[PDB]
Amino acid sequence: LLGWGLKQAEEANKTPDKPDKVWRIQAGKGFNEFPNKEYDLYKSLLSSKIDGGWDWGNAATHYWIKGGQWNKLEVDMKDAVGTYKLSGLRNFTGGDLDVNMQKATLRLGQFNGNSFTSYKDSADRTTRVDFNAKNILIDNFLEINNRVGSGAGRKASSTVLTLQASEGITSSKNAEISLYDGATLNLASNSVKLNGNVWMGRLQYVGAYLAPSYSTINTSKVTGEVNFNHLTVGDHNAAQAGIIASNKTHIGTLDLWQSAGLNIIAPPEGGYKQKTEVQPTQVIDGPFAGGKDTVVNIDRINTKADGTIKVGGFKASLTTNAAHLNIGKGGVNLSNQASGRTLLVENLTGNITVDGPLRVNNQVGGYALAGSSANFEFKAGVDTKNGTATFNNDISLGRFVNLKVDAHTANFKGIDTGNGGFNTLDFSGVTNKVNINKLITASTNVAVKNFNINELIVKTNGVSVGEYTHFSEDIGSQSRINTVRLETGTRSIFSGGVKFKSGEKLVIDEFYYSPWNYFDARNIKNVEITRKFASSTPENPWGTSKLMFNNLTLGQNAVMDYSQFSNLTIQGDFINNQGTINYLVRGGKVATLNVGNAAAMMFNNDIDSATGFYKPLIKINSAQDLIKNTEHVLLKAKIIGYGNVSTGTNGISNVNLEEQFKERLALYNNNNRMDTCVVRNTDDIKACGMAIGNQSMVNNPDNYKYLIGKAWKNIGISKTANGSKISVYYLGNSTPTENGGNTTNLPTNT
């Protein structure tokens, strides 16, 4: 119940023991003159002062030093040369070796393993087994603080094993190091490279599923290259392992258990370092911050998961204070039983950089059942609050999976929740930015306070109801979406859709319509559109599209393609800047634009080189089937406040603003304008006569000289520009007179 940080800081600063009968052995002649001999260390040297035996009560074998388990043994070689091996010292209870072997290769396994254990006396002693070899070469299994026989008899207290090579501590492929509830392991070589299954935390007794089971591997002294290969924490219990690393730790596959933790600790910035009886000072450390150049390179994180069904999950977790935490191309697996398993890749004072696909039950899609909420969870820079959580690989989420990221800046490359649904894609802990690249949703519960998702596909979700993309908190004022693209829904019913809850502005740049999917824009008051705004099928749409807004404001050059197939509902002040709304008829009818409150429209002298005239402010294409002598409602309004960037038009003047509004509108037919016809040469007279349907100018283009440097309105088309209505009165496609009227000049603002 203490947790690992208390237990390690309590086991770190201890006096070794008080041993009586400190035996001493010095290797004399014979050893220091054969550099290749391949000795044996127990039988030729150590067996003088270590006796075997049997423990009455659960034995296989038994070992101690001499006269009980409270007797220190030194071995002082310091010049012996060869290769030594232990090869079978099993269930050593003993206490306080230190085999001192400079220039002597060791080998802790040959055809048989080793073990180093203590016994729970009334003194609760450790064993402090040390080695000081040149190479070590584990080469078969070694278990630290094991069970001696089977359960009964005397119990096992903590222990410490120290390995202190000066050239490397390697391991064979089948050499399973496995250290248990009290066990630690100090390494002090350079270039530790354990190629075998290191196993921190393991069932010490056969049924004790509720043991605490701490463990520690302290590779702090390693001046070289720490390199594990297959770390495996926890076995059917809630183990809390820990590694005190040395600011570069490449490990291979990591296999957490359901409820097993891990505390990889980087070094600090500058590196490490009757009668009243006063105990010595117990220095104890809280969670500090690693140095600048601390890296922890895990390359795969699996999770082994079977067993019970608890009221929650079990929350596998790992915790790091390094300045970086890279996760390699293997990605993240998560095995999921009936309840919802949970992973916490937490980083206290650093970053997180995942470079692999998030799997669950070892595939990329990875469905789950209803209660089984497979919950990924990432924490980048909790205690310094300036840590990014970059995902450089395209993640994909299936069904009942819930990513959440609580970082400073959560970059992404693409999130695809469109397959499964029911995804609580939380980001509420993110301080400012969430830079998603491409989001695909079906029924999601996105919670972002500030983002720029610069591409957004919104899928539908079949035929079910009550499921929709749902932004569940305040969008704020700095948000942005550079592309929304809805896709076509299902037949005759709104299954999918998007709705918001709060926020005030959302600078959308591009959009597409879709039949039977709704972009509900609840409670946001400045839904901005900056460029092109059309349908996903721009040639021939169909169906219904509830674009249930509450306000919008449209900037420069943003073409709209308003149709009868998208009831674009506005409850606020539709503010139109220099943006050309286009129309289409679909049977001669004109869909009105229902402004709720006010339609302020502000423009300028948008003179171009394409025409020489003002840019076409409102376009109505294909008005051939437009019903003549009939009011066509173009937009319902309440306040039309027109203006320019100055008081008067064409520079500065005192011209009223409502009359030139009929000049900039357009009625587009025969790939030309039936409203007016601004002419600068003789060739456009052909297309102009084809637009007005008159051959009287076609065969004789230069016969008419009222149109060079001039313009003319076709009379018989009337447009209202009063304070509350803009309408269409198509009543005549008249032939323009020569010198009678209905003619204007060029704008000429160049």
# chains A, B, ... in the order shown; residues from 1 in each chain; ligands from 1
>>> residues_around(residues="residue 121 of chain A", least_positions_apart="4", cutoff="9 Å", atoms="only C-alpha atoms", output="tab-separated table (two decimals) with C-alpha atoms, in the first residue's frame")
chain	number	residue	atom	x	y	z
A	125	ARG	CA	17.80	-9.24	6.69
A	154	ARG	CA	10.06	-19.90	6.30
A	155	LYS	CA	9.10	-16.93	4.15
A	156	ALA	CA	11.40	-14.77	2.04
A	157	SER	CA	12.37	-11.16	2.77
>>> select_by_dssp(residues="segment 574-693 of chain A", states="helix (DSSP H, G or I)", output="list in words")
residues 661, 662, 663, 664, 684, 685, 686, 687, 688, 689, 690, 691 and 692 of chain A
>>> residues_around(residues="segment 497-505 of chain A", least_positions_apart="5", cutoff="8 Å", atoms="only C-alpha atoms", output="list in words")
residues 458, 460, 467, 468, 469, 470, 471, 472, 473, 474, 475, 476, 477, 478, 479, 517, 518, 519, 520, 521, 522, 523, 524, 525, 526, 527 and 528 of chain A
>>> write_last_selection(atoms="N, CA, C and O atoms", output="tab-separated table (two decimals), in the first residue's frame")
chain	number	residue	atom	x	y	z
A	458	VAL	N	-16.89	13.96	-42.50
A	458	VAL	CA	-17.92	13.50	-41.58
A	458	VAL	C	-18.72	12.43	-42.29
A	458	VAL	O	-19.42	12.70	-43.27
A	460	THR	N	-21.65	9.28	-42.22
A	460	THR	CA	-22.87	8.91	-41.53
A	460	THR	C	-22.67	7.54	-40.89
A	460	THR	O	-21.61	6.92	-41.02
A	467	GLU	N	-27.25	9.13	-32.87
A	467	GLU	CA	-25.80	9.06	-32.93
A	467	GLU	C	-25.30	10.13	-33.89
A	467	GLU	O	-25.77	10.22	-35.03
A	468	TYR	N	-24.34	10.93	-33.43
A	468	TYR	CA	-23.95	12.13	-34.14
A	468	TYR	C	-22.61	12.61	-33.59
A	468	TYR	O	-22.27	12.38	-32.43
A	469	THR	N	-21.86	13.29	-34.45
A	469	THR	CA	-20.65	13.97	-34.02
A	469	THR	C	-21.03	15.14	-33.12
A	469	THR	O	-21.92	15.92	-33.47
A	470	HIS	N	-20.39	15.25	-31.97
A	470	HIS	CA	-20.88	16.08	-30.88
A	470	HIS	C	-19.71	16.77	-30.19
A	470	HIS	O	-19.09	16.18	-29.31
A	471	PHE	N	-19.43	18.01	-30.57
A	471	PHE	CA	-18.37	18.73	-29.87
A	471	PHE	C	-18.92	19.19	-28.53
A	471	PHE	O	-19.89	19.96	-28.49
A	472	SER	N	-18.33	18.72	-27.44
A	472	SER	CA	-19.00	18.76	-26.15
A	472	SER	C	-18.50	19.85	-25.23
A	472	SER	O	-18.89	19.86	-24.06
A	473	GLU	N	-17.65	20.76	-25.70
A	473	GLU	CA	-17.25	21.88	-24.86
A	473	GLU	C	-16.95	23.08	-25.74
A	473	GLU	O	-17.13	23.03	-26.96
A	474	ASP	N	-16.48	24.15	-25.11
A	474	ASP	CA	-16.42	25.46	-25.74
A	474	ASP	C	-15.35	25.51	-26.81
A	474	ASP	O	-14.18	25.23	-26.55
A	475	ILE	N	-15.75	25.89	-28.03
A	475	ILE	CA	-14.83	25.89	-29.16
A	475	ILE	C	-13.90	27.10	-29.10
A	475	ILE	O	-12.81	27.09	-29.68
A	476	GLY	N	-14.27	28.13	-28.36
A	476	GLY	CA	-13.39	29.27	-28.19
A	476	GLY	C	-13.36	30.15	-29.43
A	476	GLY	O	-14.18	30.04	-30.34
A	477	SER	N	-12.36	31.03	-29.45
A	477	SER	CA	-12.26	32.05	-30.49
A	477	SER	C	-11.12	31.82	-31.47
A	477	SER	O	-11.06	32.51	-32.48
A	478	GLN	N	-10.21	30.90	-31.19
A	478	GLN	CA	-9.05	30.70	-32.04
A	478	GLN	C	-9.17	29.47	-32.93
A	478	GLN	O	-8.21	29.16	-33.64
A	479	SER	N	-10.30	28.79	-32.91
A	479	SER	CA	-10.44	27.55	-33.65
A	479	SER	C	-10.51	27.81	-35.15
A	479	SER	O	-10.62	28.95	-35.61
A	517	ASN	N	-27.50	14.51	-44.25
A	517	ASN	CA	-26.58	14.73	-43.13
A	517	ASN	C	-26.64	16.21	-42.78
A	517	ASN	O	-26.62	17.05	-43.68
A	518	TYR	N	-26.69	16.52	-41.49
A	518	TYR	CA	-26.91	17.88	-41.03
A	518	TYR	C	-25.66	18.43	-40.36
A	518	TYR	O	-25.04	17.76	-39.54
A	519	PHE	N	-25.29	19.65	-40.73
A	519	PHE	CA	-24.22	20.38	-40.06
A	519	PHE	C	-24.87	21.39	-39.13
A	519	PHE	O	-24.95	22.59	-39.41
A	520	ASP	N	-25.38	20.89	-38.01
A	520	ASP	CA	-25.98	21.77	-37.03
A	520	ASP	C	-24.89	22.56	-36.32
A	520	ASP	O	-23.94	21.99	-35.78
A	521	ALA	N	-25.04	23.87	-36.30
A	521	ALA	CA	-24.02	24.80	-35.84
A	521	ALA	C	-24.52	25.55	-34.63
A	521	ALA	O	-24.53	26.78	-34.59
A	522	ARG	N	-25.02	24.78	-33.65
A	522	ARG	CA	-25.62	25.33	-32.44
A	522	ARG	C	-24.65	26.22	-31.67
A	522	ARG	O	-23.46	25.91	-31.54
A	523	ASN	N	-25.16	27.38	-31.27
A	523	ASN	CA	-24.62	28.24	-30.23
A	523	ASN	C	-23.31	28.94	-30.61
A	523	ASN	O	-22.77	29.69	-29.80
A	524	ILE	N	-22.81	28.72	-31.82
A	524	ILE	CA	-21.64	29.45	-32.29
A	524	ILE	C	-22.11	30.59	-33.17
A	524	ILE	O	-22.95	30.42	-34.06
A	525	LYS	N	-21.56	31.78	-32.93
A	525	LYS	CA	-22.13	33.01	-33.44
A	525	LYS	C	-21.36	33.65	-34.58
A	525	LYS	O	-21.77	34.72	-35.04
A	526	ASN	N	-20.24	33.09	-35.02
A	526	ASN	CA	-19.50	33.65	-36.14
A	526	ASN	C	-18.97	32.56	-37.06
A	526	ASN	O	-17.77	32.50	-37.35
A	527	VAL	N	-19.84	31.65	-37.50
A	527	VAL	CA	-19.42	30.54	-38.34
A	527	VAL	C	-18.99	31.11	-39.69
A	527	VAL	O	-19.83	31.42	-40.54
A	528	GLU	N	-17.69	31.24	-39.89
A	528	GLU	CA	-17.15	32.01	-41.00
A	528	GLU	C	-16.86	31.07	-42.16
A	528	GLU	O	-16.53	29.90	-41.96
>>> residues_around(residues="segment 322-325 of chain A", least_positions_apart="3", cutoff="8 Å", atoms="only C-alpha atoms", output="short mmCIF file (atom, residue, chain, number, x, y, z; two decimals) with C-alpha atoms, in the first residue's frame")
data_model
loop_
_atom_site.label_atom_id
_atom_site.label_comp_id
_atom_site.auth_asym_id
_atom_site.auth_seq_id
_atom_site.Cartn_x
_atom_site.Cartn_y
_atom_site.Cartn_z
CA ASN A 247 19.51 8.79 -19.63
CA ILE A 265 13.36 7.24 -13.89
CA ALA A 266 15.90 9.28 -15.80
CA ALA A 289 12.53 16.15 -13.64
CA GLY A 290 15.03 14.41 -15.86
CA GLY A 291 17.85 16.16 -17.65
CA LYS A 292 17.93 17.65 -21.12
CA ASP A 293 19.32 14.61 -22.94
CA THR A 294 17.26 11.78 -21.46
CA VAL A 295 15.65 9.39 -23.94
CA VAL A 296 13.56 6.27 -23.31
CA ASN A 297 13.12 4.30 -26.54
CA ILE A 298 10.46 1.68 -26.08
CA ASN A 347 5.08 11.23 -18.82
CA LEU A 348 5.66 13.58 -15.91
CA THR A 349 8.12 16.19 -17.17
CA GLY A 350 8.66 15.42 -20.83
CA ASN A 351 7.24 14.73 -24.29
CA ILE A 352 5.64 11.71 -25.96
CA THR A 353 6.31 10.68 -29.56
#
>>> residues_around(residues="segment 200-208 of chain A", least_positions_apart="3", cutoff="12 Å", atoms="only C-alpha atoms", output="PyMOL selection string")
chain A and resi 117+143-152+155-158+176-185+197+211-217+230-243+254-257+259-263
>>> residues_around(residues="residue 509 of chain A", least_positions_apart="3", cutoff="9 Å", atoms="only C-alpha atoms", output="compact mmCIF listing (two decimals) with C-alpha atoms, in the first residue's frame")
# COMPACT_ATOMS: atom_id res chain seq x y z
CA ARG A 480 -10.32 26.76 -37.36
CA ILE A 481 -11.17 24.02 -39.85
CA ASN A 482 -9.53 24.33 -43.24
CA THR A 483 -11.86 21.78 -44.90
CA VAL A 484 -15.19 20.29 -43.92
CA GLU A 528 -17.15 32.01 -41.00
CA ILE A 529 -16.66 30.88 -44.60
CA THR A 530 -13.57 32.11 -46.45
CA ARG A 531 -13.57 30.34 -49.83
CA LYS A 532 -15.55 27.88 -51.99
CA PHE A 533 -18.83 26.54 -50.58
CA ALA A 558 -16.09 32.95 -51.12
>>> select_by_dssp(residues="segment 180-385 of chain A", states="strand (DSSP E)", output="PyMOL selection string")
chain A and resi 186-187+192-193+197-200+226-227+230-233+243-244+248-250+253-256+263-265+295-298+300-303+316-320+326-327+343-347+352-354+378-380
>>> write_last_selection(atoms="C-alpha atoms", output="CSV table (one decimal), in the first residue's frame")
chain,number,residue,atom,x,y,z
A,186,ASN,CA,22.2,-3.2,-9.5
A,187,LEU,CA,24.2,-3.0,-12.7
A,192,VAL,CA,24.4,-3.8,-20.5
A,193,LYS,CA,22.6,-5.7,-23.2
A,197,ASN,CA,13.2,-12.1,-21.0
A,198,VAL,CA,13.7,-9.8,-18.0
A,199,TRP,CA,10.7,-10.3,-15.8
A,200,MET,CA,10.1,-7.7,-13.1
A,226,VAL,CA,21.6,0.1,-21.8
A,227,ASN,CA,19.7,-2.3,-24.0
A,230,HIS,CA,12.0,-8.1,-23.7
A,231,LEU,CA,10.8,-6.7,-20.5
A,232,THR,CA,7.7,-8.2,-18.9
A,233,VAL,CA,6.2,-6.5,-15.8
A,243,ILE,CA,13.9,1.2,-13.4
A,244,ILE,CA,16.4,3.9,-12.3
A,248,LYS,CA,19.5,6.4,-22.6
A,249,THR,CA,17.4,3.3,-22.4
A,250,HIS,CA,16.4,1.4,-25.5
A,253,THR,CA,9.0,-5.3,-26.5
A,254,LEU,CA,7.4,-4.3,-23.2
A,255,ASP,CA,4.6,-6.5,-21.8
A,256,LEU,CA,2.6,-5.0,-19.0
A,263,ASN,CA,8.5,3.8,-13.2
A,264,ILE,CA,11.4,4.5,-15.6
A,265,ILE,CA,13.4,7.2,-13.9
A,295,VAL,CA,15.6,9.4,-23.9
A,296,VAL,CA,13.6,6.3,-23.3
A,297,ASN,CA,13.1,4.3,-26.5
A,298,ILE,CA,10.5,1.7,-26.1
A,300,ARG,CA,6.4,-2.0,-28.6
A,301,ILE,CA,4.0,-2.0,-25.7
A,302,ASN,CA,1.7,-5.0,-25.5
A,303,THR,CA,-0.6,-5.9,-22.7
A,316,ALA,CA,-1.9,-0.7,-16.9
A,317,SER,CA,0.4,2.2,-16.8
A,318,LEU,CA,4.0,3.4,-17.2
A,319,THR,CA,5.5,6.6,-15.8
A,320,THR,CA,8.6,8.3,-17.0
A,326,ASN,CA,9.7,7.7,-28.1
A,327,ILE,CA,7.6,4.7,-29.0
A,343,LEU,CA,-3.5,2.0,-20.7
A,344,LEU,CA,-1.8,5.1,-19.2
A,345,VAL,CA,1.4,6.1,-21.1
A,346,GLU,CA,2.1,8.9,-18.7
A,347,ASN,CA,5.1,11.2,-18.8
A,352,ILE,CA,5.6,11.7,-26.0
A,353,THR,CA,6.3,10.7,-29.6
A,354,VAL,CA,4.3,7.7,-30.7
A,378,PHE,CA,-1.6,9.8,-22.7
A,379,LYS,CA,-0.1,12.5,-20.4
A,380,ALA,CA,2.7,14.6,-21.8
>>> closest_atom_pairs(of="segment 140-238 of chain A", to="segment 269-280 of chain A", cutoff="12 Å", atoms="only C-alpha atoms", output="CSV")
residue,atom,partner,partner_atom,distance
A:220,CA,A:272,CA,8.7
A:221,CA,A:272,CA,9.6
A:223,CA,A:271,CA,11.7
>>> residues_around(residues="segment 697-701 of chain A", least_positions_apart="6", cutoff="9 Å", atoms="only C-alpha atoms", output="VMD selection string")
chain A and resid 681 to 690
>>> write_last_selection(atoms="C-alpha atoms", output="compact mmCIF listing (two decimals), in the first residue's frame")
# COMPACT_ATOMS: atom_id res chain seq x y z
CA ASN A 681 -14.70 44.73 -78.90
CA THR A 682 -16.75 43.19 -81.72
CA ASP A 683 -16.39 39.46 -81.03
CA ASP A 684 -18.31 39.47 -77.73
CA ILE A 685 -21.33 40.90 -79.60
CA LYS A 686 -21.88 37.38 -80.98
CA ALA A 687 -22.14 35.78 -77.53
CA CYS A 688 -24.06 38.81 -76.25
CA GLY A 689 -26.67 38.41 -78.97
CA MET A 690 -26.80 34.70 -78.21
>>> atom_distance(atom1="atom CA of residue 58 of chain A", atom2="atom CA of residue 115 of chain A")
15.8 Å
>>> atom_distance(atom1="atom CA of residue 37 of chain A", atom2="atom CA of residue 105 of chain A")
11.0 Å
>>> closest_residue(among="A:545, A:671, A:437, A:417", to="residue 403 of chain A", atoms="only C-alpha atoms")
A:417
>>> atom_distance(atom1="atom CA of residue 411 of chain A", atom2="atom CA of residue 328 of chain A")
16.9 Å
>>> closest_residue(among="A:368, A:626, A:81, A:600", to="residue 643 of chain A", atoms="only C-alpha atoms")
A:600
>>> decode(residues="segment 294-314 of chain A", atoms="N, CA, C and O atoms", output="compact mmCIF listing (two decimals), in the first residue's frame")
# COMPACT_ATOMS: atom_id res chain seq x y z
N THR A 294 17.74 13.05 -21.98
CA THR A 294 17.26 11.78 -21.46
C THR A 294 16.26 11.24 -22.46
O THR A 294 15.30 11.92 -22.82
N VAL A 295 16.49 10.02 -22.93
CA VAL A 295 15.65 9.39 -23.94
C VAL A 295 15.27 8.01 -23.43
O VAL A 295 16.10 7.31 -22.85
N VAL A 296 14.01 7.62 -23.61
CA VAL A 296 13.56 6.27 -23.31
C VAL A 296 12.90 5.72 -24.56
O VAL A 296 11.79 6.13 -24.91
N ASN A 297 13.57 4.80 -25.24
CA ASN A 297 13.12 4.30 -26.54
C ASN A 297 12.47 2.94 -26.38
O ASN A 297 13.10 1.92 -26.65
N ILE A 298 11.23 2.91 -25.98
CA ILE A 298 10.46 1.68 -26.08
C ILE A 298 10.09 1.50 -27.54
O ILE A 298 9.98 2.47 -28.28
N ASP A 299 9.93 0.26 -27.99
CA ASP A 299 9.59 0.03 -29.39
C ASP A 299 8.33 -0.79 -29.60
O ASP A 299 7.93 -0.96 -30.76
N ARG A 300 7.70 -1.28 -28.55
CA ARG A 300 6.43 -1.99 -28.62
C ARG A 300 5.88 -2.09 -27.21
O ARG A 300 6.62 -2.41 -26.28
N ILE A 301 4.59 -1.82 -27.01
CA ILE A 301 3.97 -1.96 -25.71
C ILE A 301 2.77 -2.87 -25.90
O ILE A 301 1.72 -2.44 -26.39
N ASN A 302 2.90 -4.13 -25.52
CA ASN A 302 1.74 -4.99 -25.53
C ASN A 302 1.04 -4.89 -24.19
O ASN A 302 1.33 -4.01 -23.38
N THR A 303 0.09 -5.78 -23.96
CA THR A 303 -0.58 -5.92 -22.67
C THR A 303 -1.15 -7.32 -22.61
O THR A 303 -1.91 -7.72 -23.50
N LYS A 304 -0.78 -8.08 -21.60
CA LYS A 304 -1.37 -9.40 -21.40
C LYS A 304 -2.59 -9.25 -20.51
O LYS A 304 -2.51 -8.63 -19.44
N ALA A 305 -3.72 -9.80 -20.93
CA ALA A 305 -4.97 -9.54 -20.23
C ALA A 305 -5.90 -10.74 -20.34
O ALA A 305 -6.43 -11.03 -21.41
N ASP A 306 -6.09 -11.43 -19.22
CA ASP A 306 -7.20 -12.34 -19.03
C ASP A 306 -7.54 -12.39 -17.55
O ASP A 306 -6.80 -11.87 -16.71
N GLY A 307 -8.68 -12.99 -17.24
CA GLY A 307 -9.05 -13.14 -15.85
C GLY A 307 -10.41 -12.59 -15.48
O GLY A 307 -11.41 -12.82 -16.17
N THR A 308 -10.45 -11.83 -14.39
CA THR A 308 -11.69 -11.52 -13.71
C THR A 308 -12.45 -10.40 -14.42
O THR A 308 -12.06 -9.91 -15.48
N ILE A 309 -13.57 -10.02 -13.81
CA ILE A 309 -14.39 -8.89 -14.25
C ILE A 309 -14.63 -8.02 -13.03
O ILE A 309 -15.38 -8.39 -12.13
N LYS A 310 -13.96 -6.87 -12.99
CA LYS A 310 -14.09 -5.95 -11.87
C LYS A 310 -15.03 -4.82 -12.31
O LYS A 310 -15.42 -4.73 -13.47
N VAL A 311 -15.41 -3.96 -11.36
CA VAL A 311 -16.35 -2.88 -11.62
C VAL A 311 -15.78 -1.81 -12.55
O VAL A 311 -16.54 -1.04 -13.14
N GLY A 312 -14.46 -1.75 -12.70
CA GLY A 312 -13.81 -0.92 -13.68
C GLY A 312 -12.89 -1.77 -14.55
O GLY A 312 -13.13 -2.96 -14.76
N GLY A 313 -11.84 -1.14 -15.04
CA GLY A 313 -10.81 -1.87 -15.75
C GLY A 313 -9.71 -2.28 -14.80
O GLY A 313 -9.98 -2.69 -13.68
N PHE A 314 -8.46 -2.18 -15.24
CA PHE A 314 -7.35 -2.38 -14.33
C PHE A 314 -6.22 -1.38 -14.49
O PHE A 314 -5.38 -1.31 -13.58
